[PDB]
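These notes concern the structure reproduced below.
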Amino acid sequence: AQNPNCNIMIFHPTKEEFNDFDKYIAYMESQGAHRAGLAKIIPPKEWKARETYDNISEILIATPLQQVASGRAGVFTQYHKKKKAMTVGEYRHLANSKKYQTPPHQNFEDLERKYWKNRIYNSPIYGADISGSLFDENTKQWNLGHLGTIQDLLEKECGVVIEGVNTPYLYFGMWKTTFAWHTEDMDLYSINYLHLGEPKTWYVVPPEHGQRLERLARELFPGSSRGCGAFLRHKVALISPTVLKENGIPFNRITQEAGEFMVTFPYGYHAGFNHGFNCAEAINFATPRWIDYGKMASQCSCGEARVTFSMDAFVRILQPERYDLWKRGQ
Ligand SMILES: NNC(=O)[C@H](Cc1ccccc1)c1nn[nH]n1
Ligand SMILES: [Cl-]
Ligand code: NA
Ligand code: NI
Ligand SMILES: [Zn+2]
């Protein structure tokens, strides 16, 4: 078996290999990339997402989110307090202000130490889940607005036509903005391009070991676990690498820089943080190998994990026994 230790793999496709997206995902899996839960893809030197980022300041962040933490430095939850709308230009200025700017640091490891030591004592503001794309329409390779849709994948594999659409989202980050431990909706894949700005550090648990993370999370967040049998779906819980190591949880870490793609694989739990002002674009996608994961994906039915209406059809078709209860939750 390829990649038995479940290491994060890094790929350098040539321009020819960058033409057929599906084929390259399958190639990465043939090399065992999915065992880690996360892979990095460095685009060929000839490729670009768009010509410049000089004209993005008028994009609106309609509902910036202030990420307020509770708990201890290595084991905490965060809630999202809505703030007033601001443009990307205003957000960038805020990110670079003395209150929010990245501190002096020696290297990525120093900054990571500072993040886990100090994150809870600050409440950074995040632009998340903004429907849109920054790929030029003329970028033909790895354009996250032009991928095959999940609905078409389900139709091709299973023969059923379903409603729904699947479009990309933009994320504007600043120092300490945080993504909590989660898998994707219906344990889909995700792909993420860091268009501009400072890095993003990722943590990931191999899919084969996801239930180890779930068990630790139930121990560390006991009230949340009692409230919902799939509370990680709420996307609010953080556990540091130190705490994971103390509890023997298998995981890996990597830092993504501007111009790089990351793919998360079905049932690969991930979390992470932004180093400073940045902009990423992401979308969920499926392949034939996802279908078995979608059929088995846990679900939140307690009401907290509200999701797009395009998830209705996935639950309805792949998980008919669970559909009525999940629907009540929505
Ligand atoms: N599935 N979504 C996520 O992993 C995002 C983080 C994320 C956003 C862009 C590129 C890579 C990762 C998230 N989740 N909660 N806040 N942000
Ligand atoms: Cl700090
Ligand atoms: Na490892
Ligand atoms: Ni994700
Ligand atoms: Zn729930």
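Going by the conditions given, is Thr149 polar (S, T, N, Q), away from ligand 5 (no atom under 16 Å from the Cβ) and touching a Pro at 6+ places or on another chain (Cβ under 6 Å)?
Working: polar (S, T, N, Q): yes; away from ligand 5 (no atom under 16 Å from the Cβ): yes; touching a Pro at 6+ places or on another chain (Cβ under 6 Å): no.
Taking the combined requirement at face value, the residue does not satisfy it.
Between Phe261, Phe265, which is within 16 Å of ligand 3 (Cβ to nearest atom), within 30 Å of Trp47 (Cβ to Cβ) and either among the β-branched types (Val, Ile, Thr) or under 15 Å from the mean Cα position of the chain (by Cα) (or both)? Before the answer, list the steps.
Details: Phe261 fails: within 16 Å of ligand 3 (Cβ to nearest atom).
After applying the criteria, what remains is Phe265.
Residue check, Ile254 against (1) out of contact with any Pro (no Cβ under 8 Å at 6 or more places or on another chain); (2) within 13 Å of ligand 4 (Cβ to nearest atom), all met but one. Which one?
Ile254 satisfies every listed condition except (2).
Only one of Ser97, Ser133 is out of contact with any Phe, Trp or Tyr (no Cβ under 8 Å at 6 or more places or on another chain), under 27 Å from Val204 (Cβ atoms), more than 16 Å from ligand 5 (Cβ to nearest atom) and part of a loop (DSSP other than H, G, I, E, B). Can you tell me which?
Working: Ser97 fails: under 27 Å from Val204 (Cβ atoms).
Sole residue among the options that is out of contact with any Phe, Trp or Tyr (no Cβ under 8 Å at 6 or more places or on another chain), under 27 Å from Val204 (Cβ atoms), more than 16 Å from ligand 5 (Cβ to nearest atom) and part of a loop (DSSP other than H, G, I, E, B): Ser133.
What strands (runs of 3 or more DSSP E) completely inside the range 163-216 contain at least 3 residues that are surrounded by fewer than 19 Cβ atoms within 10 Å (Cβ to Cβ) and without any contact (Cβ under 8 Å) to a residue 24 or more places away in the chain?
Numbers: elements: 169-173, 178-182, 189-197, 200-204.
Fully inside the range 163-216 and qualifying: nothing.
Are any residues in the range 1-42 basic (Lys, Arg) and within 16 Å of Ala286 (Cα to Cα), and if so, which ones?
Here is the first cut: in the range 1-42, the residues basic (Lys, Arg) are 15, 23, 35, 40.
Residue satisfying the conditions is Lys23 alone.
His105 - would you say it is under 22 Å from the mean Cα position of the chain (by Cα) and not charged (D, E, K, R)? Please lay out each step first, then the result.
On the way: under 22 Å from the mean Cα position of the chain (by Cα): no; not charged (D, E, K, R): yes.
Taking the combined requirement at face value, the residue does not satisfy it.
Quick check, is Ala69 among the aliphatic types (A, V, I, L, M) and farther than 16 Å from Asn274 by Cβ?
On the way: among the aliphatic types (A, V, I, L, M): yes; farther than 16 Å from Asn274 by Cβ: no.
Answer is no for this residue.
Would you call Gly303 on the phi > 0 side of the Ramachandran plot, touching a residue at least 12 places away in the same chain (Cβ under 8 Å) and away from ligand 4 (no atom under 16 Å from the Cβ)?
Numbers: on the phi > 0 side of the Ramachandran plot: yes; touching a residue at least 12 places away in the same chain (Cβ under 8 Å): yes; away from ligand 4 (no atom under 16 Å from the Cβ): yes.
Yes: the conditions hold for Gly303.
Of the residues that make up the range 11-27, is at least one acidic (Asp, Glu), part of a loop (DSSP other than H, G, I, E, B), touching a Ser or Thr at 6+ places or on another chain (Cβ under 7 Å) and away from ligand 3 (no atom under 16 Å from the Cβ)?
So in the range 11-27, the residues acidic (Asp, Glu) come out as 16-17, 20, 22.
Among the residues that remain, those that are also part of a loop (DSSP other than H, G, I, E, B) are: 16-17, 20.
Now narrow it down to the ones that are touching a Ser or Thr at 6+ places or on another chain (Cβ under 7 Å): none.
No, the range 11-27 contains no residue that is acidic (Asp, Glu), part of a loop (DSSP other than H, G, I, E, B), touching a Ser or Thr at 6+ places or on another chain (Cβ under 7 Å) and away from ligand 3 (no atom under 16 Å from the Cβ).
I'm told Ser298 meets every condition in (1) surrounded by fewer than 22 Cβ atoms within 10 Å (Cβ to Cβ); (2) away from ligand 5 (no atom under 16 Å from the Cβ); (3) part of a loop (DSSP other than H, G, I, E, B) except one. Can you identify the failing condition by its number?
Evaluating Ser298 over (1) surrounded by fewer than 22 Cβ atoms within 10 Å (Cβ to Cβ); (2) away from ligand 5 (no atom under 16 Å from the Cβ); (3) part of a loop (DSSP other than H, G, I, E, B) leaves (2) as the failure.
Give me a count of the residues in the range 231-251 that are under 19 Å from the mean Cα position of the chain (by Cα), surrounded by fewer than 18 Cβ atoms within 10 Å (Cβ to Cβ) and either without any contact (Cβ under 8 Å) to a residue 60 or more places away in the chain or within 9 Å of ligand 5 (Cβ to nearest atom) (or both).
0
Since every read-out is calculated from the coordinates, none of them should be taken as a lab result. Ideal geometry is used to build each Cβ from the backbone, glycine not excepted, and the neighbour counts take in all protein chains shown.
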